[PDB]
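Chains as they are written, first to last, in the deposited numbering: chain D, -3 to 123, 129 to 195, 207 to 252, 259 to 314; chain B, -3 to 124, 133 to 197, 205 to 251, 258 to 316; chain A, -3 to 127, 146 to 197, 208 to 257, 259 to 313; chain C, -3 to 197, 208 to 256, 258 to 314. For each residue, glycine too, the CB sits at the ideal point set by N, CA and C. Here is the structure we will look at.
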Amino acid sequence: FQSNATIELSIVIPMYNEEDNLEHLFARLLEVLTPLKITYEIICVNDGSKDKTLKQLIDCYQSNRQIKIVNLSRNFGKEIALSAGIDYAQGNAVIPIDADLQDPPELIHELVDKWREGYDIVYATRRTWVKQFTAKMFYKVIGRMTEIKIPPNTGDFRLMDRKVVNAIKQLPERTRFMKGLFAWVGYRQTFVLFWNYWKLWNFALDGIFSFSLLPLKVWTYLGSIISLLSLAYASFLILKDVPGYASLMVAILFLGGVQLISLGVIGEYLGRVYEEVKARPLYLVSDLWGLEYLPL
Amino acid sequence: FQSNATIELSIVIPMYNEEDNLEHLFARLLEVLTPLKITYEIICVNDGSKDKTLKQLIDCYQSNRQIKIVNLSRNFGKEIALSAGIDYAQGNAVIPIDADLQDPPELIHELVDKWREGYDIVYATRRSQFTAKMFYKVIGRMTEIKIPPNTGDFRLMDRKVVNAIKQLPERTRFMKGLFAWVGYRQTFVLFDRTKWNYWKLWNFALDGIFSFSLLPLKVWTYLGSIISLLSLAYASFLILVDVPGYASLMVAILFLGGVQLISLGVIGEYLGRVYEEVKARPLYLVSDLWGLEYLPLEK
Amino acid sequence: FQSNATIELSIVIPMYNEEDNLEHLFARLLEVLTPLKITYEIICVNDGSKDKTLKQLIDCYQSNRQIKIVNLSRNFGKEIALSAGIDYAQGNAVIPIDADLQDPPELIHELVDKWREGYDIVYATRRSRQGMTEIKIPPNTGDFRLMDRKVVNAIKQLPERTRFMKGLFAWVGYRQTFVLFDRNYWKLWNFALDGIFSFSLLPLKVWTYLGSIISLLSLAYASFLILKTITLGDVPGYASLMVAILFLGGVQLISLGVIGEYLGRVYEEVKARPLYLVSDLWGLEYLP
Amino acid sequence: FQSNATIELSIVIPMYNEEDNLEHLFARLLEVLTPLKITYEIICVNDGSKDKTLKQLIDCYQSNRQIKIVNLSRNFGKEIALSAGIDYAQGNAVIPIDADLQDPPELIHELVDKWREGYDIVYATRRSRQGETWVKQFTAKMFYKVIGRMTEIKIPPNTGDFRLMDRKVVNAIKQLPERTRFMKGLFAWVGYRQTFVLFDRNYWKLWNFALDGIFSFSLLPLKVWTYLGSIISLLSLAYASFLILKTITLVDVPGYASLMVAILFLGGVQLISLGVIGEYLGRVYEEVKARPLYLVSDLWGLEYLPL
Ligand SMILES: O=c1ccn([C@@H]2O[C@H](COP(=O)(O)OP(=O)(O)O)[C@@H](O)[C@H]2O)c(=O)[nH]1
Ligand SMILES: O=c1ccn([C@@H]2O[C@H](COP(=O)(O)OP(=O)(O)O)[C@@H](O)[C@H]2O)c(=O)[nH]1
Ligand SMILES: O=c1ccn([C@@H]2O[C@H](COP(=O)(O)OP(=O)(O)O)[C@@H](O)[C@H]2O)c(=O)[nH]1
Ligand SMILES: O=c1ccn([C@@H]2O[C@H](COP(=O)(O)OP(=O)(O)O)[C@@H](O)[C@H]2O)c(=O)[nH]1
Ligand SMILES: [Mg+2]
Ligand SMILES: [Mg+2]
Ligand SMILES: [Mg+2]
Ligand SMILES: [Mg+2]
């Protein structure tokens, strides 16, 4: 009869219009977390639902000490409402879970076991020439574990140690932790076994611009050397071949073309500077049930 | 009788050259606030008045425990002088009121009524075509707050809303779009008795798409880049089809020279917004305070 | 008889190679501050002097309780060394003066009298001759002024406190007055242009609208006014090509000038390096 | 004997795949620090090593109270792993040393001697008299005008990575992201009391850092080009307004000789304006980014920051 006051595991569940599944969600999770003999909590983030999902949450909160509600002021999205629950999650390990149980909750028993071996981040991965080209370009930077990338694998069902949650707590990229932040932070990582390449390589471009200044730096010197090769081609060649229209239009279309993507890479990084300096917060909490406001 | 050390309501009245209306304003407010039987405070923000308005404020301060003065260092904006009073206003609900008193102060009896029901932001809009059908689907579900014949400047905000926007520079222009972003429980009450111009309302729709979004900068970067690869590839292909001479040489140099100027506009616009976000300069400066304490110098 | 804990007045002196003036500066200052019957402190900021200025300062520090030394790591300039002196200066009023006494210390008695009346900022501007406030063109108000504690705290975190006379004095407001005493026009509007960029943003928005509307008058003229009149099969080509490339190619450079001007100000606001570095302190405490 | 609570010296060593050198490193260092009779600590930064370097550090940690370990989450640069150790190093003086022992550790006796004399920064530049040429005299004269008499700590065949720093200096640059490249210009900007100690035991990267210095510690590359770019804009604007106001004629002057050059000159100066603007924009992103400089996975013999 020892009353333990420390929380070991946190289950963060972003929910938007999940009124029917609330009965099957909390019940199936209970038969998985009970045999673990580990103190836990369930953080339920209300993402501005209309179908009275909040009223049904307060009923589960009223008869379950492990149910805690984070009511958002409006609909902010899955990635943002999930970050809201992790901020209010004060456990040693954090496991985000979808409400429709697309992944089996029994994998929590497999996530916590590999977590107690020393690994700080534990993933859960399911199982033409584009499949051989994409898988080869990424192993040169991602590292040992790239199976979380190849479709239809998404690392949205994972376990993270408290050290990883606090590290990326102040980073605006914590909303899209799978967009590349997982590979930058490193730590001890592993996974357990159990699409659309147009959007897969859209993250490849979004990752090069976010974690690197190469697109801006490379085109700065590339756009500078062709400016020196420019001004020199009319410096010594003005004291006096002249194809006329065969190069008056070409130079107008070339020198004017290289500037448009120079303004493109500048406007891209400028928009990223605004996102980093803006004072507008990521989300707003309307009400809280079973939790305290932040900062504590 | 017992005492109470918690303020429940805070009204904020920015004042510039309001030497005349002080006697009628406080008398009118007292006959409205006293029947509520609720603890309140009155924040009067002297915004660099020149007609001895402050000298009359201090006299009202001396004889009324509810009067609290925030004297600014110089004359700032009416929106700025309003944010100063909200920063120094304690209490669970904040409602700013004007000094000319175009809207009846008795309307606060119903802003507080909808606030007790659970609504966090309660507007007071006056009663009186394609644009209204536009904003109802993209901007806000309650377009009646920012209608031409009435602006939502007479409103009541809960403490949770005041604290959430305390650090945002957009709190100066809360009606310029920030109200549609914060969410929360919103509702309005309807009443009857420059602005109101349609060019000034779409200026609010233009100032909003740039403040709360990156689309004007993102859609133009991708657009200016795809026309750039068309410009450099068609130039290489033209340097090895039809060569219309002046019918293309004048058009091309004048098209690229014009698309770069608008590209420089969206960059210079967002650069000015990045600048205003990183300034260490505050919105206002407080010269003197009556019945209040200074804010922590951390800021 | 009895002790006093709070300091009322603070005199801040930036010092660079002032080994000689120290005997005459402290003696003449004591002759003016003593009849005031007001507790005071003297903050001396050593701005990397090459001579024996610091050694003579510590000697005056040993035999005078009102002398306090702020030793900067290297030379940072008169403006930065003066901002450092005010940062370490406690006291309801702050009066900065120079070591070479072009500013007569006897004006301190007149600046403190205007401050007693309620003025928050009292300037000491030299008389002009030659051929409110706004004395910023002939000799003009220098760094000789009085500022209440409320003013120095308001602009403490502001980087513009270094150049307080370049425009920040007109932005802060407060109760201001000046005092006249005796004994280039290019720098006039160089500082007037330095102010219209820091406290306005209008030079950026005015050229954004002007640069965009002439981009509308531009694009529309050749997109389908030239395309609609030449689709049938024109203005003097060379006369129209030269006037187009040099009007459009040049207005972009002014757009690049204002954008590059405001980009540098963003870099100065967000840079993490400090304005100065203190090497040693005498009779003071470190910040924060 | 009695106990002392203040640490006088802090030795920081970044370590990446130094499994073999750990035995000789701690042994040779202990024979240099023991005669000093001052309290010291050794901060070891595990910069994501791949072999068993961390396993051997913990054993040395288990039998030496001066050994302290900072295990980074992954492999960063040498400049980053060294800044991580300085953050966790507590002591009146800080001396960074390499693990492969490229410079003799007996110079610590000379660095501490110059530190107690009042110098806040004490360098240890190698004494090399070879390579004296006209290019070595031009760079020396150009760098002496901004760095000072101390500028001798950066000859081509040596740097200033072996140095002593007082606590006042490591605190002054603690929050500065330029602390990693401290020997890229930041040393000349702080301007504390500096000196060096001599011992005997490329020009591409020298002027590449001199170009990286005028952009980092100045705005001249941006301010000079905006003024130079605006004055040649007035020259192109007025000269064009007069060429179009010259109505005393009507097919071409210098036709393709000047018009092809005009689009060329005005099109090249903009690319240089875009270069300096994009360069400083990337610097603004590096200053405002919330992403940290490193991440600590585990600590041995230390506490997490802030204290
Ligand atoms: O706007 C949204 C949409 C998603 N969700 C939650 O995020 C999870 C995503 O599940 P869904 O099946 O709707 O998306 P998908 O499975 O395709 O990723 C669900 O538990 C939702 O409750 C949310 O909180 N806000
Ligand atoms: O510089 C100013 C201008 C206005 N006001 C206050 O804001 C209100 C503006 O009233 P006005 O009739 O001019 O604006 P409107 O009634 O149309 O909102 C007045 O009550 C003033 O007290 C102010 O504090 N400072
Ligand atoms: O690099 C400098 C130059 C100026 N000063 C101080 O600033 C004051 C102004 O002196 P200066 O004659 O050079 O300026 P001016 O008289 O021309 O205004 C003097 O007391 C100096 O001690 C300084 O601290 N560091
Ligand atoms: O990626 C790296 C490379 C360097 N080092 C450390 O930094 C020092 C540099 O050693 P190296 O000989 O490789 O560099 P150099 O001697 O040429 O300066 C070594 O002690 C390493 O332990 C590190 O921690 N991470
Ligand atoms: Mg699902
Ligand atoms: Mg009015
Ligand atoms: Mg002088
Ligand atoms: Mg080595």
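In whole angstroms, what separates the C-alpha of residue i from that of residue j?
i             : j        : result
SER69/C       : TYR12/C  : 13 angstroms
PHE22/A       : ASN88/A  : 21 angstroms
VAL8/D        : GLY114/B : 27 angstroms
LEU103/D      : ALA120/D : 8 angstroms
residue 201/C : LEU217/C : The structure shown gives no position for residue 201/C: in chain C, residue numbering passes from 197 to 208 with nothing in between.
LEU160/A      : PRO152/A : 20 angstroms
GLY308/D      : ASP83/D  : 14 angstroms
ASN60/A       : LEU312/B : 37 angstroms
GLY289/B      : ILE220/B : 15 angstroms
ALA168/D      : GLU294/B : 25 angstroms
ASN71/B       : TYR188/A : 10 angstroms
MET146/D      : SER222/D : 21 angstroms
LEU226/D      : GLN190/A : 52 angstroms
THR129/C      : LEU194/C : 21 angstroms
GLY44/B       : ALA1/D   : 56 angstroms
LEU212/A      : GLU286/B : 29 angstroms
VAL90/D       : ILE3/D   : 11 angstroms
DSSP beta-bridge partners for residue i?
i        : result
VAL303/D : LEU68/D
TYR36/C  : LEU5/C
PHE195/B : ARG122/B
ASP162/B : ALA89/B
Taking only beta-carbon atoms, is residue i less than 7 angstroms away from chain C?
i        : result
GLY289/A : yes
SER236/D : yes
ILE76/D  : no
Measure from the C-beta of residue i to each C-beta in chain D and report whether the shortest distance is under 7 angstroms.
i        : result
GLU286/C : yes
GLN98/B  : no
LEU225/B : yes
So, is the C-beta of residue i closer than 7 angstroms to a C-beta in chain B?
i        : result
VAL28/D  : no
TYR292/D : yes
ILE3/A   : no
Run down chain A in chain order and give the residues with a C-beta less than 9 angstroms from the C-beta of residue i.
i        : result
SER304/B : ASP116, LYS164, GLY187, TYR188, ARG189
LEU256/C : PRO261, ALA264
Hey, does residue i have any beta-carbon neighbour from chain A nearer than 7 angstroms?
i        : result
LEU241/B : no
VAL295/C : yes
Mind pulling the chain B residues with CB within less than 8 angstroms of residue i?
i        : result
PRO92/A  : Correct list: empty, because the minimum Cβ distance to chain B is about 21 angstroms.
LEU228/A : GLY285, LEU288, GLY289
So with CB distances below 7 angstroms, who are the chain A contacts of residue i?
i        : result
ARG298/B : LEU172
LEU314/B : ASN167
Under 8 angstroms Cβ-Cβ, which residues of chain A neighbour residue i?
i        : result
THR232/C : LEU281, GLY282, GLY285, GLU286
Could you work out which residues of chain B lie near residue i, taking near to mean beta carbons separated by less than 9 angstroms?
i        : result
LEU160/A : The premise fails here: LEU160/A is roughly 16 angstroms from chain B at the closest Cβ pair, so nothing lies under 9 angstroms.
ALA246/A : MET267, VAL268, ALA269, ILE270, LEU271, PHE272, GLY275
Just the chain D side, please: which residues come within less than 9 angstroms of residue i by C-beta, in chain order?
i       : result
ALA89/B : Simply none; closest approach about 16 angstroms.
Going along chain D, which residues have a C-beta under 7 angstroms from residue i?
i        : result
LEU249/B : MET267, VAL268
Residues within the region 40 to 71 of chain A neighbouring chain C, beta-carbon criterion of under 9 angstroms: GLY44, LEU68, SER69, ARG70, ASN71
Taking a Cβ distance cut-off of 8 angstroms, strictly less, list which residues of the region 259 to 284 of chain A are near chain B, in chain order. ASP259, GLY262, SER265, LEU266, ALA269, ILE270, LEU273, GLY274, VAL276, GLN277, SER280, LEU281, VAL283, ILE284
Can you give me, in chain order, the residues of the region 131 to 151 of chain C that have a beta carbon less than 9 angstroms from any beta carbon in chain A? none
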